[PDB]
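The next block is model_15.txt, given as compact mmCIF, C-alpha atoms (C1' of nucleotides) and all ligand atoms.
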```txt
# COMPACT_ATOMS: atom_id res chain seq x y z
CA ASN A 1 0.00 0.00 0.00
CA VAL A 2 3.06 2.21 0.32
CA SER A 3 4.60 0.17 -2.48
CA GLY A 4 1.64 1.00 -4.76
CA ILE A 5 1.74 4.75 -4.24
CA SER A 6 5.50 4.56 -4.80
CA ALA A 7 4.91 2.71 -8.07
CA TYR A 8 2.52 5.42 -9.19
CA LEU A 9 4.89 8.32 -8.27
CA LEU A 10 7.77 6.54 -9.96
CA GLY A 11 5.74 6.60 -13.20
CA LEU A 12 5.20 10.32 -12.88
CA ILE A 13 8.87 10.79 -11.99
CA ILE A 14 10.14 8.84 -15.00
CA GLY A 15 7.44 10.36 -17.24
CA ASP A 16 7.53 14.08 -16.39
CA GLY A 17 10.41 14.39 -13.92
CA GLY A 18 13.84 13.14 -13.00
CA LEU A 19 16.22 11.64 -10.48
CA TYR A 20 19.21 13.96 -10.12
CA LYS A 21 22.49 13.40 -8.31
CA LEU A 22 24.19 16.81 -8.46
CA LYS A 23 27.78 17.61 -7.47
CA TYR A 24 28.67 21.20 -6.54
CA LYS A 25 31.87 23.05 -5.65
CA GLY A 26 32.67 21.63 -3.29
CA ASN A 27 32.53 19.01 -2.17
CA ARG A 28 28.89 20.02 -1.89
CA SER A 29 26.17 17.85 -3.36
CA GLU A 30 22.39 17.43 -3.72
CA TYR A 31 19.96 14.61 -4.55
CA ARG A 32 16.60 15.42 -6.12
CA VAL A 33 13.39 13.49 -6.68
CA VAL A 34 11.50 15.66 -9.21
CA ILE A 35 8.05 15.64 -10.82
CA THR A 36 7.28 18.66 -13.04
CA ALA A 37 3.72 19.46 -14.21
CA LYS A 38 1.70 22.27 -15.82
CA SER A 39 -1.28 22.43 -13.44
CA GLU A 40 -0.05 24.14 -10.25
CA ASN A 41 -3.33 22.80 -8.96
CA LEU A 42 -2.75 19.13 -9.72
CA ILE A 43 0.68 19.25 -8.08
CA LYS A 44 -0.48 20.99 -4.94
CA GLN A 45 -3.68 19.01 -4.64
CA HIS A 46 -3.10 15.46 -5.87
CA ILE A 47 0.58 14.68 -6.47
CA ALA A 48 2.09 16.44 -3.46
CA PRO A 49 -0.07 14.79 -0.75
CA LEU A 50 0.79 11.39 -2.22
CA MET A 51 4.50 12.21 -2.09
CA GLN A 52 4.09 13.83 1.33
CA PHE A 53 2.56 10.65 2.71
CA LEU A 54 5.49 8.67 1.35
CA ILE A 55 7.94 11.15 2.88
CA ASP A 56 6.29 10.73 6.29
CA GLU A 57 6.22 6.96 5.99
CA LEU A 58 9.88 6.69 4.95
CA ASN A 59 10.59 9.12 7.79
CA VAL A 60 12.28 11.43 5.34
CA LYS A 61 12.95 14.90 6.72
CA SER A 62 13.27 16.98 3.56
CA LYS A 63 10.37 19.24 2.67
CA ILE A 64 8.43 19.29 -0.58
CA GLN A 65 9.63 22.23 -2.65
CA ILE A 66 7.31 23.63 -5.29
CA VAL A 67 9.11 25.98 -7.65
CA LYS A 68 7.32 28.07 -10.28
CA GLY A 69 8.86 28.01 -13.73
CA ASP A 70 8.06 29.83 -16.95
CA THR A 71 6.35 26.84 -18.53
CA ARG A 72 5.61 24.43 -15.70
CA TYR A 73 5.55 23.92 -11.96
CA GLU A 74 8.11 21.63 -10.28
CA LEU A 75 7.60 19.44 -7.26
CA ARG A 76 11.03 18.75 -5.81
CA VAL A 77 12.16 16.79 -2.79
CA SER A 78 15.85 17.29 -2.02
CA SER A 79 16.80 14.10 -0.16
CA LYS A 80 19.59 11.56 -0.52
CA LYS A 81 17.40 8.94 1.14
CA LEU A 82 14.49 9.45 -1.25
CA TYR A 83 16.64 9.70 -4.36
CA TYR A 84 18.12 6.25 -3.70
CA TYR A 85 14.68 4.90 -2.70
CA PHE A 86 13.44 5.65 -6.23
CA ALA A 87 16.62 5.01 -8.18
CA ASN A 88 16.84 1.61 -6.49
CA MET A 89 13.20 0.84 -7.14
CA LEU A 90 13.82 1.62 -10.79
CA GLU A 91 16.51 -1.04 -11.17
CA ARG A 92 14.19 -3.58 -9.62
CA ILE A 93 11.23 -2.66 -11.83
CA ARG A 94 11.05 -5.99 -13.67
CA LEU A 95 10.04 -7.64 -10.41
CA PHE A 96 7.06 -5.39 -9.69
CA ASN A 97 4.08 -7.30 -8.38
CA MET A 98 0.73 -6.78 -10.09
CA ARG A 99 -0.40 -3.92 -7.84
CA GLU A 100 2.79 -2.05 -8.68
CA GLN A 101 2.60 -2.85 -12.40
CA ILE A 102 -0.82 -1.24 -12.55
CA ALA A 103 0.23 1.77 -10.45
CA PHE A 104 3.39 2.39 -12.41
CA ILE A 105 1.58 2.23 -15.73
CA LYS A 106 -1.15 4.59 -14.51
CA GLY A 107 1.46 7.09 -13.42
CA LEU A 108 3.34 6.78 -16.67
CA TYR A 109 0.08 7.27 -18.65
CA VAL A 110 -0.92 10.31 -16.61
CA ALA A 111 2.51 11.81 -17.26
CA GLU A 112 2.80 11.12 -20.96
CA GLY A 113 0.03 9.01 -22.51
CA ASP A 114 -2.68 10.13 -24.93
CA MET A 115 -4.92 11.92 -22.46
CA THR A 116 -7.66 12.67 -25.02
CA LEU A 117 -8.42 8.94 -24.94
CA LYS A 118 -9.49 9.00 -28.58
CA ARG A 119 -6.45 6.78 -28.82
CA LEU A 120 -4.44 4.89 -26.21
CA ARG A 121 -0.73 5.65 -26.52
CA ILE A 122 2.36 6.00 -24.34
CA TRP A 123 5.42 7.86 -25.63
CA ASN A 124 9.05 7.36 -24.60
CA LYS A 125 12.62 7.22 -25.97
CA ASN A 126 13.28 4.20 -23.75
CA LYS A 127 12.29 1.14 -25.84
CA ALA A 128 13.34 -1.24 -23.10
CA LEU A 129 10.98 0.32 -20.60
CA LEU A 130 8.11 0.24 -23.11
CA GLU A 131 9.00 -3.38 -23.79
CA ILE A 132 8.45 -4.10 -20.08
CA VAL A 133 5.17 -2.25 -19.93
CA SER A 134 4.18 -4.16 -23.07
CA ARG A 135 4.76 -7.54 -21.45
CA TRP A 136 2.81 -6.54 -18.33
CA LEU A 137 -0.08 -5.37 -20.49
CA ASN A 138 -0.10 -8.60 -22.50
CA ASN A 139 -0.39 -10.43 -19.19
CA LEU A 140 -3.30 -8.20 -18.14
CA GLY A 141 -5.18 -9.05 -21.35
CA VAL A 142 -4.47 -5.81 -23.21
CA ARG A 143 -2.95 -6.12 -26.65
CA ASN A 144 -0.46 -3.54 -27.88
CA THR A 145 2.41 -2.73 -30.26
CA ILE A 146 5.62 -0.76 -30.21
CA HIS A 147 7.13 1.19 -33.07
CA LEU A 148 9.27 4.25 -33.61
CA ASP A 149 6.80 7.15 -33.75
CA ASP A 150 9.09 10.17 -33.89
CA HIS A 151 11.99 9.53 -36.24
CA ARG A 152 13.30 13.00 -35.35
CA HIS A 153 13.91 12.38 -31.63
CA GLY A 154 14.16 8.59 -31.29
CA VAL A 155 10.84 8.51 -29.47
CA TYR A 156 8.95 5.21 -29.40
CA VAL A 157 5.24 4.79 -28.90
CA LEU A 158 3.39 1.97 -27.20
CA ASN A 159 0.00 1.70 -28.86
CA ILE A 160 -2.70 -0.03 -26.84
CA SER A 161 -5.29 -1.75 -29.05
CA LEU A 162 -8.70 -0.09 -28.96
CA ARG A 163 -9.94 -3.68 -29.18
CA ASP A 164 -9.01 -3.88 -25.51
CA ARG A 165 -9.79 -0.27 -24.47
CA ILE A 166 -12.32 -1.02 -21.74
CA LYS A 167 -10.07 -3.52 -20.04
CA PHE A 168 -7.22 -1.00 -20.14
CA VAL A 169 -9.19 2.05 -18.97
CA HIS A 170 -11.34 0.23 -16.39
CA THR A 171 -8.56 -1.79 -14.77
CA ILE A 172 -5.71 0.73 -15.09
CA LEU A 173 -6.63 4.39 -15.67
CA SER A 174 -9.68 4.04 -13.43
CA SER A 175 -8.17 1.76 -10.80
CA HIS A 176 -8.68 2.54 -7.12
CA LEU A 177 -5.55 0.55 -6.21
CA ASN A 178 -3.83 2.53 -3.43
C1' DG B 1 -19.19 1.53 -43.73
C1' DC B 2 -16.81 1.69 -40.05
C1' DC B 3 -12.77 1.13 -37.16
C1' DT B 4 -8.02 0.71 -36.21
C1' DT B 5 -3.40 2.26 -36.30
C1' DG B 6 1.36 3.54 -38.70
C1' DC B 7 3.25 7.86 -40.18
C1' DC B 8 4.77 12.42 -39.63
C1' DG B 9 5.02 17.74 -38.46
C1' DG B 10 3.91 21.66 -34.65
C1' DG B 11 4.90 23.31 -30.56
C1' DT B 12 3.07 22.74 -25.41
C1' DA B 13 4.33 20.78 -21.48
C1' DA B 14 7.73 19.21 -19.74
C1' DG C 1 13.12 17.72 -18.31
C1' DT C 2 18.54 19.02 -16.76
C1' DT C 3 22.00 21.57 -14.50
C1' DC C 4 23.84 25.70 -13.44
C1' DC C 5 24.09 29.39 -8.98
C1' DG C 6 24.45 31.10 -4.21
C1' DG C 7 23.47 30.18 0.23
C1' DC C 8 22.76 27.34 4.75
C1' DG C 9 22.93 23.20 8.13
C1' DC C 10 25.43 19.77 10.30
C1' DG C 11 28.94 16.71 12.96
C1' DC D 1 36.57 20.26 6.21
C1' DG D 2 33.25 17.50 3.92
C1' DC D 3 28.90 16.55 2.41
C1' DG D 4 23.69 17.18 2.19
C1' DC D 5 19.21 20.50 2.10
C1' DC D 6 17.08 24.92 0.27
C1' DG D 7 15.40 28.35 -3.23
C1' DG D 8 15.70 29.64 -7.53
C1' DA D 9 16.48 29.92 -12.66
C1' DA D 10 18.66 29.48 -17.32
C1' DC D 11 19.02 26.39 -20.69
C1' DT D 12 17.13 22.12 -23.20
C1' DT D 13 13.84 18.82 -25.77
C1' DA D 14 10.88 14.74 -25.44
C1' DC D 15 6.72 14.01 -25.80
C1' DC E 1 1.45 14.94 -26.90
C1' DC E 2 -1.49 16.38 -30.25
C1' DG E 3 -4.17 15.41 -34.24
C1' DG E 4 -4.76 14.89 -39.43
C1' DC E 5 -3.69 11.90 -43.28
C1' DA E 6 -4.47 7.59 -45.60
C1' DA E 7 -3.61 2.39 -45.77
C1' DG E 8 -5.50 -1.73 -44.48
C1' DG E 9 -8.88 -5.29 -42.13
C1' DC E 10 -13.37 -7.20 -41.48
MN MN F 1 9.53 11.30 -20.44
MN MN F 2 2.38 14.96 -18.57
```
How does the structure come out when it is put into structure tokens?
Ligand SMILES: [Mn+2]
Ligand SMILES: [Mn+2]
Amino acid sequence: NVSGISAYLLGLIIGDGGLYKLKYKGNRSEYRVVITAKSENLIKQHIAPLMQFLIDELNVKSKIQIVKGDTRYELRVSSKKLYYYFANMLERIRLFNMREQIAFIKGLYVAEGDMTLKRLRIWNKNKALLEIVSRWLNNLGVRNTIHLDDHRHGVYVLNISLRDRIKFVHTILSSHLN
DNA sequence: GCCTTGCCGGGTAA
DNA sequence: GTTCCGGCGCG
DNA sequence: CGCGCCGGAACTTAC
DNA sequence: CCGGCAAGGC
């Protein structure tokens, strides 16, 4: 139940954010768990309290920074402990249980899927990661294909078959699993 | 006839 | 999305 | 001394 | 990410 919420946030983080190990001069350093998003509302009102809860549970001390940018808002937690918590979880992604599979995919979709829903698509330059989401989806009964969408930027797309749309939306985008 | 989906360019939201 | 900056906290 | 949080912001491009 | 084009399947 903390694993699930983590799985979700990790999707957002990979999708619209980053994991940053900075080195300064010196020998100063910083470690950031970052999700950036356009709706200063969404961040403050849905993403942040999820992350907050995780922070409290992992007994992390860092605060949640929300920095206004020109084009988007940025949720940022500066924390060595949290950085490694996510980075480590990333390397272990292939072993996600079902609950986490679903949560991670939902987070990834919310960050960079087709949100119009006229089509079901997930974009990403990381074929290997799409490959893993593809296998999980095949196991959930949701057919799909991967090809290179954007020849310009090396960006792949995972196309979910509208044949299986209900299954995908009802058991993933509309899941209460947390 | 109707639907699905690969393909590709614009530029918002990362 | 990624990485510069200056500044501060801490043992 | 040596690292790790904070608050921002320019610079960059993958969706 | 969007969204229009047109090929291809039933
Ligand atoms: Mn991404
Ligand atoms: Mn997004």
Near-region 36-40 of chain A list (6 Å; only C-alpha atoms (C1' of nucleotides); drop same-chain fewer than 5 positions) as a VMD selection string
chain A and resid 16 to 17 72 to 75
Writing out the chosen residues with C-alpha atoms as a PDB file, in the frame of the given file:
```
ATOM      1  CA  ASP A  16       7.530  14.080 -16.390  1.00  0.00           C
ATOM      2  CA  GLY A  17      10.410  14.390 -13.920  1.00  0.00           C
ATOM      3  CA  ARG A  72       5.610  24.430 -15.700  1.00  0.00           C
ATOM      4  CA  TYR A  73       5.550  23.920 -11.960  1.00  0.00           C
ATOM      5  CA  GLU A  74       8.110  21.630 -10.280  1.00  0.00           C
ATOM      6  CA  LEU A  75       7.600  19.440  -7.260  1.00  0.00           C
TER       7      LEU A  75
END
```
Residue neighbourhood region 45-48 of chain A, 9 Å, all atoms listed in the file, exclusion window fewer than 3 positions, as a ChimeraX atom specification:
/A:9,35,40-42,51-53,64,75
Could you pull the residues within 9 Å of residue 1 (chain E), counting only C-alpha atoms (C1' of nucleotides), minus those fewer than 2 positions along the same chain, as a PyMOL selection string?
(chain A and resi 112-115+123) or (chain B and resi 12-13) or (chain D and resi 15)
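Going from CA of residue 138 (chain A) to CA of residue 101 (chain A) covers 11.9 Å.
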At a cut-off of 8 Å, list the chain A residues touching chain D, using all atoms listed in the file, as a compact mmCIF listing (two decimals) with C-alpha atoms, keeping the file's coordinate frame.
```txt
# COMPACT_ATOMS: atom_id res chain seq x y z
CA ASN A 27 32.53 19.01 -2.17
CA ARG A 28 28.89 20.02 -1.89
CA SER A 29 26.17 17.85 -3.36
CA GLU A 30 22.39 17.43 -3.72
CA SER A 62 13.27 16.98 3.56
CA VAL A 67 9.11 25.98 -7.65
CA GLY A 69 8.86 28.01 -13.73
CA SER A 78 15.85 17.29 -2.02
CA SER A 79 16.80 14.10 -0.16
CA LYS A 80 19.59 11.56 -0.52
CA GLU A 112 2.80 11.12 -20.96
CA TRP A 123 5.42 7.86 -25.63
CA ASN A 124 9.05 7.36 -24.60
CA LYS A 125 12.62 7.22 -25.97
CA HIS A 153 13.91 12.38 -31.63
CA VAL A 155 10.84 8.51 -29.47
```
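Applying a distance limit of 9 Å to only C-alpha atoms (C1' of nucleotides), the residues of chain B near chain A read residues 4, 5, 6, 7, 8, 12, 13 and 14 of chain B.
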Contact residues (chain C, partner chain A, 9 Å, all atoms listed in the file) as a PyMOL selection string
chain C and resi 1-3
Write the residues you've just listed into a file as a CSV table (one decimal), keeping the file's coordinate frame, and include C-alpha atoms (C1' of nucleotides) for each of them.
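Output (selection27.csv):
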```
chain,number,residue,atom,x,y,z
C,1,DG,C1',13.1,17.7,-18.3
C,2,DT,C1',18.5,19.0,-16.8
C,3,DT,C1',22.0,21.6,-14.5
```
Taking (-1.4, 15.9, -31.7) in the file's coordinates, which residues come within 10 Å, counting all atoms listed in the file, written as an mmCIF file with C-alpha atoms (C1' of nucleotides), in the frame of the given file?
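Writing done, so here's part_17.cif:
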```cif
data_model
loop_
_atom_site.group_PDB
_atom_site.id
_atom_site.type_symbol
_atom_site.label_atom_id
_atom_site.label_comp_id
_atom_site.auth_asym_id
_atom_site.auth_seq_id
_atom_site.Cartn_x
_atom_site.Cartn_y
_atom_site.Cartn_z
ATOM 1 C CA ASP A 114 -2.680 10.130 -24.930
ATOM 2 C CA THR A 116 -7.660 12.670 -25.020
ATOM 3 C "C1'" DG B 9 5.020 17.740 -38.460
ATOM 4 C "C1'" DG B 10 3.910 21.660 -34.650
ATOM 5 C "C1'" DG B 11 4.900 23.310 -30.560
ATOM 6 C "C1'" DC E 1 1.450 14.940 -26.900
ATOM 7 C "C1'" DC E 2 -1.490 16.380 -30.250
ATOM 8 C "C1'" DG E 3 -4.170 15.410 -34.240
ATOM 9 C "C1'" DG E 4 -4.760 14.890 -39.430
#
```
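With distances restricted to all atoms listed in the file, A:108 is the closest residue to ligand MN 1 (chain F) from A:43, A:158, A:50, A:108.
Here CA of residue 107 (chain A) is placed at a distance of 7.7 Å from CA of residue 7 (chain A).
Straight-line separation from CA of residue 120 (chain A) to CA of residue 2 (chain A): 27.7 Å.
Comparing the minimum interatomic distances between ligand MN 1 (chain F) and each of A:93, A:122, A:133, A:77, counting all atoms listed in the file, we find that A:122 sits nearest.
If you measure from each of A:92, A:21, A:127, A:76 to ligand MN 1 (chain F) using only C-alpha atoms and all ligand atoms, the closest one turns out to be A:127.
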Each side padded by 4 Å, which centre and which edge lengths in Å (one decimal) define the axis-aligned box around the listed atoms of region 5-8 of chain E? Give them as JSON.
```
{"center_x": -4.6, "center_y": 5.1, "center_z": -44.5, "size_x": 9.9, "size_y": 21.6, "size_z": 10.5}
```
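Counting only C-alpha atoms (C1' of nucleotides) and comparing A:157, A:96, A:104, A:83, the residue that lies closest to chain E is A:157.
The closest residue to chain E, picked from A:60, A:110, A:130, A:103 and counting only C-alpha atoms (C1' of nucleotides), is A:110.
Using all atoms listed in the file, the smallest distance between any of A:26, A:11, A:4, A:141 and ligand MN 1 (chain F) comes from A:11.
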Please supply region 65-78 of chain A, rebuilt with N, CA and C atoms, as a PDB file, in the coordinates of the input.
```
ATOM      1  N   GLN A  65       9.446  20.951  -2.007  1.00  0.00           N
ATOM      2  CA  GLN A  65       9.630  22.230  -2.650  1.00  0.00           C
ATOM      3  C   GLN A  65       8.755  22.269  -3.876  1.00  0.00           C
ATOM      4  N   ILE A  66       8.082  23.397  -4.080  1.00  0.00           N
ATOM      5  CA  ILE A  66       7.310  23.630  -5.290  1.00  0.00           C
ATOM      6  C   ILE A  66       7.748  24.931  -5.925  1.00  0.00           C
ATOM      7  N   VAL A  67       8.492  24.829  -7.019  1.00  0.00           N
ATOM      8  CA  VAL A  67       9.110  25.980  -7.650  1.00  0.00           C
ATOM      9  C   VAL A  67       8.446  26.374  -8.965  1.00  0.00           C
ATOM     10  N   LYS A  68       7.966  27.607  -9.058  1.00  0.00           N
ATOM     11  CA  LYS A  68       7.320  28.070 -10.280  1.00  0.00           C
ATOM     12  C   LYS A  68       8.311  28.339 -11.407  1.00  0.00           C
ATOM     13  N   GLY A  69       8.040  27.764 -12.570  1.00  0.00           N
ATOM     14  CA  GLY A  69       8.860  28.010 -13.730  1.00  0.00           C
ATOM     15  C   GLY A  69       8.044  28.741 -14.780  1.00  0.00           C
ATOM     16  N   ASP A  70       8.716  29.147 -15.849  1.00  0.00           N
ATOM     17  CA  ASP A  70       8.060  29.830 -16.950  1.00  0.00           C
ATOM     18  C   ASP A  70       6.923  28.986 -17.505  1.00  0.00           C
ATOM     19  N   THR A  71       7.219  27.710 -17.741  1.00  0.00           N
ATOM     20  CA  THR A  71       6.350  26.840 -18.530  1.00  0.00           C
ATOM     21  C   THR A  71       5.649  25.768 -17.696  1.00  0.00           C
ATOM     22  N   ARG A  72       6.195  25.470 -16.525  1.00  0.00           N
ATOM     23  CA  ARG A  72       5.610  24.430 -15.700  1.00  0.00           C
ATOM     24  C   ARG A  72       5.988  24.584 -14.235  1.00  0.00           C
ATOM     25  N   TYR A  73       5.194  23.984 -13.360  1.00  0.00           N
ATOM     26  CA  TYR A  73       5.550  23.920 -11.960  1.00  0.00           C
ATOM     27  C   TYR A  73       6.405  22.675 -11.671  1.00  0.00           C
ATOM     28  N   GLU A  74       7.222  22.741 -10.623  1.00  0.00           N
ATOM     29  CA  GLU A  74       8.110  21.630 -10.280  1.00  0.00           C
ATOM     30  C   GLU A  74       7.953  21.244  -8.826  1.00  0.00           C
ATOM     31  N   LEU A  75       7.532  20.005  -8.596  1.00  0.00           N
ATOM     32  CA  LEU A  75       7.600  19.440  -7.260  1.00  0.00           C
ATOM     33  C   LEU A  75       9.014  18.915  -7.151  1.00  0.00           C
ATOM     34  N   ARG A  76       9.663  19.189  -6.026  1.00  0.00           N
ATOM     35  CA  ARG A  76      11.030  18.750  -5.810  1.00  0.00           C
ATOM     36  C   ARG A  76      11.239  18.377  -4.361  1.00  0.00           C
ATOM     37  N   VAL A  77      11.682  17.152  -4.113  1.00  0.00           N
ATOM     38  CA  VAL A  77      12.160  16.790  -2.790  1.00  0.00           C
ATOM     39  C   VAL A  77      13.657  16.597  -2.862  1.00  0.00           C
ATOM     40  N   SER A  78      14.398  17.398  -2.105  1.00  0.00           N
ATOM     41  CA  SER A  78      15.850  17.290  -2.020  1.00  0.00           C
ATOM     42  C   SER A  78      16.176  16.366  -0.845  1.00  0.00           C
TER      43      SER A  78
END
```
